[PDB]
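*Asks:* My complex, part one, positions kept as in the full thing:
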Amino acid sequence: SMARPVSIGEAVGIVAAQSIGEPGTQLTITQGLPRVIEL
Amino acid sequence: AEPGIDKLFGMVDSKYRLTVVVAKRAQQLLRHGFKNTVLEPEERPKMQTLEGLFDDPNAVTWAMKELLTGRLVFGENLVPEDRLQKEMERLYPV
Amino acid sequence: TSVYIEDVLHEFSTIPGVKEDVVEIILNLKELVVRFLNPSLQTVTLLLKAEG
Amino acid sequence: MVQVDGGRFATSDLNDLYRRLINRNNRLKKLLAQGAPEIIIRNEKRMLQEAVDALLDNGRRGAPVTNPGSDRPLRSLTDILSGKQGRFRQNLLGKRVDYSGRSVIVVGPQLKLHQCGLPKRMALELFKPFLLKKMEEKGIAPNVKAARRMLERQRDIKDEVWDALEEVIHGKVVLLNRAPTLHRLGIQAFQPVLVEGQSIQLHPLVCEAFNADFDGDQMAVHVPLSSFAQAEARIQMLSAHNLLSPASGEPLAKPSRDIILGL
Amino acid sequence: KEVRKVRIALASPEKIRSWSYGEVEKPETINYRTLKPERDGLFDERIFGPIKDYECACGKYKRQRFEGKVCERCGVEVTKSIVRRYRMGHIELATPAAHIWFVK
Amino acid sequence: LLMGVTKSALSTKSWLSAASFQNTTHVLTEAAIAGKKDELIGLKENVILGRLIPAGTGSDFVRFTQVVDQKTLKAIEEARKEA
Amino acid sequence: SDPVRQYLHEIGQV
Amino acid sequence: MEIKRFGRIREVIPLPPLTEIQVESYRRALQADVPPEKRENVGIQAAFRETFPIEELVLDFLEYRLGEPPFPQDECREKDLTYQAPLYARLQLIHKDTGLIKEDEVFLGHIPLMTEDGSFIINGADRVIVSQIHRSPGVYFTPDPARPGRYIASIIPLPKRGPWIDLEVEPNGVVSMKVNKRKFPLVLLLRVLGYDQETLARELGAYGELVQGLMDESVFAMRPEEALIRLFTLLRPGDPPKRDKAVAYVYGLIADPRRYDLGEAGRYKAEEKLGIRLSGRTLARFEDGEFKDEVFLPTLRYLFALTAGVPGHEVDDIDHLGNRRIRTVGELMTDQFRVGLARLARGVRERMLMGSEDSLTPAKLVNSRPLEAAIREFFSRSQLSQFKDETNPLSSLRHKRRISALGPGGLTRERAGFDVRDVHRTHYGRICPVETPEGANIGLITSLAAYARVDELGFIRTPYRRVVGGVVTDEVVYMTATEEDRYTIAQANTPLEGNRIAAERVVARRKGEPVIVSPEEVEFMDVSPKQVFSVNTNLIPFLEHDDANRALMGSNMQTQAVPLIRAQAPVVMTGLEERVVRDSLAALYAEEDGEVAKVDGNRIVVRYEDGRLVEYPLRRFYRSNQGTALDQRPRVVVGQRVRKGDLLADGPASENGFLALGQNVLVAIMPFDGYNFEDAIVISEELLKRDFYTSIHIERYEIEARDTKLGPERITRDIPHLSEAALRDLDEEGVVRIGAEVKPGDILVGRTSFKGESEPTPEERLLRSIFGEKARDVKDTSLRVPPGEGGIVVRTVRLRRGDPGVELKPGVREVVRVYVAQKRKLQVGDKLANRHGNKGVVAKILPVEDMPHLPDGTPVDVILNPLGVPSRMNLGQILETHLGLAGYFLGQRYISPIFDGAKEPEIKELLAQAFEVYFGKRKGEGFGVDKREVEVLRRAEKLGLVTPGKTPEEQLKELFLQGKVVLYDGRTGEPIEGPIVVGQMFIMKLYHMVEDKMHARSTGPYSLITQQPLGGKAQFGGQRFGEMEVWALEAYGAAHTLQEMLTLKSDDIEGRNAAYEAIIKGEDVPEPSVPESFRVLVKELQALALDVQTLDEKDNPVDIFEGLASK
Amino acid sequence: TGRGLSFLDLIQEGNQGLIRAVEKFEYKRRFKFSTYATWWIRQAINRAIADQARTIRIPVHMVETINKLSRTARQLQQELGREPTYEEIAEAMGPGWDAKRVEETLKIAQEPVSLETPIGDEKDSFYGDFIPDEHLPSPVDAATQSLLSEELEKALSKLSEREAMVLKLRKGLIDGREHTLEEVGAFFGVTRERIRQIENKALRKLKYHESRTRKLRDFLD
């Protein structure tokens, strides 16, 4: 979000989980969100 | 965007450290009634009411501006806590 | 700007013998074009009485 | 066991479960004292065990203990703790909060990126104690109690209280949130601009990160209280400070349909 | 002292009784006419605490001057009614009963 | 050993985290049997407890930073130099 | 499994 | 104005009574109009005949009768009563031994009556019983998911009227019957039914590899009684296998018409599927001592023939609309009536043993409370009994015409997969494929098709015209989906001359499959395109140009239209807007031909041919379920002659009998400085000026005064410590006077409650001493006006105890209801929408001088953004805008039928006739082309919209035929650099308004156990900062803000008190402390016998209860 | 069944009655045991139902009066075709019964309702979650009480030490107890009349400061 080294103390786990989850509602000749969950 | 936010982020190894510094300084300002500020009278933040230019009541705005001026020193383990509190209340009594 | 109707308490009323409700009567009173000849005049109170 | 507006009583299911337990236990004690035969004592002991089970985790074993004339299982301690409605998820990892509002949002294209439009009447309540303090500072009221009684009625509100609210909220930020909150950008901090009307004015560039549009959406407002919370909101959560998406690094506060179209 | 850890363990019957301020012997809840709690029931003030701050049940002790006194006529300690959110009771089972968690 | 996210979240050290995630009774029974102590290392723990989470302005790395103006700085400097 | 059925069976033995 | 209607199709039949699905259902269920002796074994009559006679003494049922309602509909709605009729039942108590007969008419309480429009009045609130779709009873065959070459045969009775029975061919070869979650060999049940190996082999031996697994030598060896005892042991282990017990159990399981009941639909479907005839609605009979089979051998034969592959046996599509049926109001109420009657019968049988056996009467034998409560339960707390959606009349109509797959006896939300929610082909003409909710309910809630109607067996039928030879008859045949699957059915738009098919090739359907077919192959034909869609969908003009996803949105949102004080019918109608008002009973009509005698704002009097003088009162400013003012206005004049079926009064949202859900506004489709950005909408202040989109709403406030254990709550004007300023508009008795304006904080009703017992604090002792005034006995508990509400007091209802005709619930002295009305004008945040799904919020109300305006000074009313169109694929609104421009200049409206509407050539013709009016008036008034118009024409011919070299008038006509006009920016005078689509569009003000939504709180009520703020504007609650909000704050790293949300805002009692005090004193907020809900968690875990201990780093305990819970 | 007690609970109470019957049975009377048994079993079952079937327990005689009221109302409704009024029910109850008594008896017979009653057809909302907490003070109330204490101490500072102490003792601001004039006289070494006099003059100075500053009027609500 800043194009610079991450500051010590960032909730990196929550950021990762939200970044992975947010576009889930968009996941559709494709396996899609069921494949994402299977993984 | 807060004025000089890029320089304020440059000042610190962690944006969260910057935030803690700003908040503690604003607490200092509120507790001492701004009589401890490092801002010259021409540098004081102002707000526009119907009466005229008055001192900005936002101690956080004040503290960010002071941090930009750089007359504030920030860091860990600089002085005992009770010593800091008592010296500040001796210089600027409540 | 203001309308009083005898034995009418509020705008959401209905006068017996009248086909219109007070809301529509006021909507019609919104179209009244009232020319003041005296330029110093700034408020008139028109009076209406009708029956039958 | 509380009385309600209409002098009627509402009680928890735990009381009925405990009553079942008390009754079966006392009857077991009396049956034992009267030297009842083993079939009767066995029946009473198994019923006592079932009553303890229903108190602790109703429905776990056997049919769920219901209320008379109802199919609703009584709410046991296990049910209270666990579940989407359970204690943890409903009241410990998330709570309803003070100093919060909710209103329909509106496009508000004149705002700068760091701003939003907060209706006057919303801010009046959202900052009510600050406004009481400022109305005491200025001459508008003798004390906090008189200031509050003055704000209580909607016809007793004079323009000096609005100018005092303006003086109150100077520089402060409020949090805007739109559900569902899918990433950290579902909440952002804005400098509010008091406006007439009853609608929140969002900035166009943040609609994308919010997934907000203007077909009837609503957003919640929160007032960070402490100087520490205000510092957090202004430095770390201000809209104009979050231009790149933490998910990809690309800018997600970028021009949208109308802006792209004109350019 | 500030909290640093949170331990969870099984409870002995002795510890359950050490938590308790009294045994709920009767299944009654409150009186049908007075609307006050029934003695030795599920809402007993003697067990769980005074309904009103610093005021025993019958009304002989009604100020902060008596904090800790247990009224001799009614049996209620005069402290803050908030304790009725905190003070545990207990029931003494004739036959032991299994905790269904550790069974099912 | 590889587990899915559900099992990995349920197997974490913090019984508060696990029992507030899922299988509340199972987690609580096993934790209470073991006498588990939650050290309050993660976020969910301190959120449940109402404590200040160990991230951001709550990270120990930046938590204890002090601010002081150069006037009071030199004042206390000469003060602690007077003894 | 069913307490009423079990108690009825226990009764039906005397 | 003129009303031009397009459409070649002529409908041989009109729409059926749109509420008949409710009306006929309840009428057939009650049979109140039929004289008792001529009633049929249906509904309430069937329930009585099912419950009676009651044996061991004999109590039999003769007949029932319904009385007249003790209070009419308006009085019921007024006084919170249920509109109901008294039910009596003539029962004769017989002693089979003596011969004594004592016959009495017992009173079984009241039954709620259905109103004229098909709704109900339950405790004064209008409610609708929503029809319920479910799998039809019968015998189905469906493939075993495990083995492809095997099939499960399902036998399914009515809900709660018997168990499902599953017949399977196990891998081991034997046929298993599965009942009540228990399997056994069907051979044993066949032996109980009297089947012997000779008959079974000669009946099923044609299928070689199955009768062997059917054969069981031991079962054939044991007698029928032995097999019955063995089956009872298999079904109920532990129970002693007494022979009479086994007879009773197997009978009540398979043969008892009181405990096992196929539907009439189930019986017919089993017969039609298995080629058999059923004596009754049971699987077997008990005749002359033994069980005689009726269903099991046919189902087993069909299963064997299907497993083999014999031609003539198929699997069943369980989502076919011939296997899914509709349980209507009558059927649901009848089911609940039967359950209440069965409980009454249990009470009767229990009393037929107690008391003196010598002296008893039916009045002593019958207790009606089971039946009374079982009907009240249905009507008052069923899921299918919904608060009536009566926002506008179309709301109520659509609500009554809705079909739910949810509810008691049906699917819960998790049990809904894709098969149910899917649009089945047989939905054609029966269930609308458009009208359904978005979200978790999609495909479960639907609406009945317009021409569709539910038959007596509960299946939805759709009409078709008979076609013999090539001639299309005017005879219509209503068909179920099953019968529809037999015929070639041509489309409704296929060309005709007279009654003869014109084209050489027509589009038809065989079993829903589309096929091009010759006119000799045409067996039936559609009636109209309307029959494919719901009533709401049929109100969407140019629907053929709207993507179904957005057509759904428009169709649903029409329900949410608020009745406006100046509502109009759309300029582009579809034809149904008159029938909608009529069948919804919004408007008022003349019964016979006659002449208007009187016309009032309150009533209309008519003198008919019969000479009788009939008076119709007018419902004026009544408040509906959703607070939208239902209000009838007179539409005739004194002396005006009327005929049968003419209009006398417009209902709410009705203009001269046409459905008026919104207004016709002049709209320009163009971006505007970002104020229509992302679907926002810009509107002109002239709309507020002429009261377009201004609606009347009413809200009801209520307050009780009851007896306390401390004194009477008194409704009184004497309220302590209040000024005459605060008491100004209160009457002698404390109630606000009718006609006064009330704002947030104003007293509607004054009330004094007696102060609770408490000792005054020493502070209060000293203060009372300082001021020298007695602390009053009573306490201000008046009903004030909630925040953000208020208006004009238009009604006050007062009810005391002891005055005539009034009796309140026990303890309540008096009740007061205040009615506060308000004339809501349009404002920013209100929601507008057109019939094509284009929905938005009013974002900017500009002054008229800023509005894009035509050259002749006319300013547009609404600015919409073209960006809303392309991704939504709803060009129907564009066509409506073009036709609206044409009609706006020609002064005329249009009726464009669905799928048979105005086409582009005719729209161009009307646009040219309109351009003549637009431009020739100017050219005659003495004005030429504007310089800015020439510039716009230059840029337009650069855009390729006009032909270069033609005159300016000709180019402007070329633009006008495309619906585009020159538009001047009222802020500059400089024109828009391009031509812009301007026209008349029909736009509605939806129910969702900012005055209702906007809410804010600083401090307020907290919950008892959690001590967290309440939720909901109604309770002045706080916003739920939930898990995902905590996640957002965490990811931001705003630890202190998060800790505020967790402690200072909600749960920390000490901290929230100290924080409010610090903020009002000017101090920084204090450090927080332990959340009360965490203390609650600790104590509840202790209640679960779990020691939870907070510890310092030295592993010593930490008391977060501060000593209050430790001795 | 269906009277508040479960089948097995009724069975256990009937077994208790059967034990009583075995204890009290007299075979000499030549009656089959089942008769005396049945009497005692019915008695025990009915006593148990009356004693336990209510959360708010109600005495057995009051239960029987309430049930007489119920059967009376039901007979009246079956003979009138409508639900009876308090006055008709009192008439049918006979001597000593009036409408007020019928109403109060009905009110006493009102059973409590469940806090977890579902609100809405989804499983998301409980009836208790709409019931505010009236006992714990609101933040505004607590702040008002502390402001009152602070303003009262402000005003008491405007007095002398002794004449503010007399008021603090006589009105409970100290010890929580209101001391008598003789007690305050014994504490300050002066006559009870002297203490009454200095109390009067302290209250006089307080009234003057109040009429001058108006700093406590707002606390009179």
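*Replies:* Noted; the coordinates are in hand. Residues are numbered from 1 along each chain as shown, chains lettered A, B, ... in the order given.

*Asks:* just the helices in chain C please.
*Replies:* C:22-29 (DSSP state H).

*Asks:* residues in chain I within reach of chain G, list them.
*Replies:* I:7, I:8, I:11 (C-beta under 8 Å from any C-beta of the partner chain). Placement of C-beta: from N, CA and C, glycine included.

*Asks:* mind redoing it with 6 Å?
*Replies:* Residues of chain I lying close to chain G (C-beta under 6 Å from any C-beta of the partner chain): none.

*Asks:* So which residue is dead centre in chain I?
*Replies:* By C-alpha atoms, centre = their mean, chain I has its centre lying nearest to residue I:56, at 11.4 Å.

*Asks:* where's the most far-flung residue of chain B relative to its centre relative to chain C, distance?
*Replies:* Most distant from the centre of chain B: residue B:50, at 26.3 Å, with distances by C-alpha atoms, centre = their mean. Residue B:50 is 30 Å from chain C, where distance means C-beta to the nearest C-beta, to the nearest Å.

*Asks:* Ok, residue H:564 next?
*Replies:* On the measure of C-beta to the nearest C-beta, residue H:564 and chain C end up 12 Å apart.

*Asks:* what number of residues lie near the residue lying closest to that residue once chain neighbours are set aside?
*Replies:* Leaving out its chain neighbours, the residue that sits closest to residue H:564 by C-beta to C-beta, 6 or more residues apart in numbering or on different chains is residue H:695, at 5.2 Å. Other residues lying near residue H:695 total 26 when counted by other C-beta atoms under 10 Å in any protein chain shown.

*Asks:* Is the residue farthest from the centre of chain B within a helix or a strand, and which one?
*Replies:* Take DSSP states H and E as the rule and residue B:50 turns out to sit in neither a helix nor a strand.

*Asks:* And for residue D:83?
*Replies:* Counting by DSSP H and E, residue D:83 is part of no helix or strand.

*Asks:* The chain: strands as residue ranges?
*Replies:* All of this refers to chain A. With strands called from DSSP state E, chain A shows none.

*Asks:* please go with chain F instead
*Replies:* F:37-38, F:66-69.

*Asks:* throw DNA strand J on there as well:
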DNA sequence: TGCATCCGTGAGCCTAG
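*Replies:* Adding DNA strand J to what we have so far:
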């Protein structure tokens, strides 16, 4: 040692109601 089979548990957020 390997499978079928059973039981238990979970299945989005905010609004209102």
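
*Asks:* what residues are up against the residue nearest to the centre of chain I?
*Replies:* residue E:32 (C-beta atoms under 6 Å, 6 or more residues apart in numbering or on different chains).

*Asks:* and the gap between it and residue H:244?
*Replies:* 45 Å (C-beta to C-beta, to the nearest Å).

*Asks:* give me the residue from chain E nearest chain G.
*Replies:* Nearest to chain G, among the residues of chain E, is residue E:104, at 13.5 Å (C-beta to the nearest C-beta).

*Asks:* need the longest strand for chain E.
*Replies:* Chain E, longest strand under DSSP E: strand E:5-10.

*Asks:* so which strand or helix has the nearest residue to residue G:7 once chain neighbours are set aside?
*Replies:* Excluding the flanking residues, the one nearest residue G:7 by C-beta to C-beta, 6+ apart is residue D:43, at 5.2 Å. According to DSSP H and E, residue D:43 maps onto helix D:38-56.

*Asks:* Which strands and helices lie in contact with that helix?
*Replies:* In terms of contacts (3 or more C-beta pairs under 6 Å, 6 or more residues apart in numbering or on different chains; DSSP states H and E), helix D:38-56 is packed against helix D:13-33, helix I:7-24.

*Asks:* what helix or strand does the nearest residue to residue H:165 once chain neighbours are set aside sit in?
*Replies:* Nearest residue to residue H:165, sequence neighbours excluded (C-beta to C-beta, 6+ apart): residue H:155, at 4.1 Å. Secondary structure from DSSP H and E places residue H:155 in strand H:151-156.

*Asks:* Quick one: check the helix or strand following that strand for contact with DNA strand J.
*Replies:* Once the chain leaves strand H:151-156, the next helix or strand it forms, by DSSP H and E, is strand H:165-169. No - counting by C-beta under 7 Å from any atom of the strand, DNA strand J is not contacted by strand H:165-169; separation bottoms out at 11.2 Å.

*Asks:* Strand H:165-169 pairs with which strands?
*Replies:* strand H:151-156 (antiparallel), strand H:175-179 (antiparallel) (DSSP bridges).

*Asks:* mind adding DNA strand K? sequence follows:
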DNA sequence: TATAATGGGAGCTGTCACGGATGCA
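*Replies:* Putting DNA strand K together with the chains above:
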């Protein structure tokens, strides 16, 4: 306080997927 009376009764219904324990060849 005594005629005799001696084993209940509602079920319920269109999901699904997985993980872990039980149950058989």
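
*Asks:* back to the neighbour count of residue H:695, now that we've got DNA strand K?
*Replies:* 26.

*Asks:* partners of it in the sheet?
*Replies:* The residues that residue H:695 bridges to, once DSSP bridges is applied, are residue H:824.

*Asks:* on that earlier part again, phi first, then psi, for the closest residue in space to the residue farthest from the centre of chain B that isn't next to it in sequence.
*Replies:* Once flanking residues are discounted, residue B:50 sits nearest to residue D:163: 6.2 Å by C-beta to C-beta, 6+ apart. Recorded main-chain torsions at residue D:163 are phi -60, psi -30, according to degrees, to the nearest 10.

*Asks:* and the residue nearest to residue H:280 when sequence neighbours are not counted, which of the three is it?
*Replies:* The shortest distance from residue H:280 to any non-neighbouring residue, by C-beta to C-beta, 6+ apart, is to residue H:257 (5.9 Å). The assignment at residue H:257 comes out as coil when based on DSSP: H, G, I helix; E, B strand; the rest coil.

*Asks:* Would you enumerate the residues in contact with the spatially closest residue to residue H:122 that is not a sequence neighbour?
*Replies:* Take residue H:122 and drop its neighbours on the chain: the residue closest to it by C-beta to C-beta, 6+ apart is residue H:379, 5.1 Å away. Residue H:379 sits next to H:112, H:122, H:385 when contact means C-beta under 6 Å, 6+ apart.

*Asks:* Chain A against chain B: which residues are in contact?
*Replies:* A:7, A:8, A:9.

*Asks:* Using CSV, list the CA coordinates for the strand holding residue H:155.
*Replies:* Output in CSV follows, covering the C-alpha atoms of strand H:151-156 (Å, rounded to 0.1, in the frame of the first residue of the first chain):
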residue,chain,number,x,y,z
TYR,H,151,-34.0,-46.9,-8.8
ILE,H,152,-35.5,-45.8,-5.5
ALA,H,153,-39.3,-45.8,-5.5
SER,H,154,-40.7,-43.1,-3.2
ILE,H,155,-44.2,-43.1,-1.8
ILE,H,156,-45.0,-39.6,-0.4
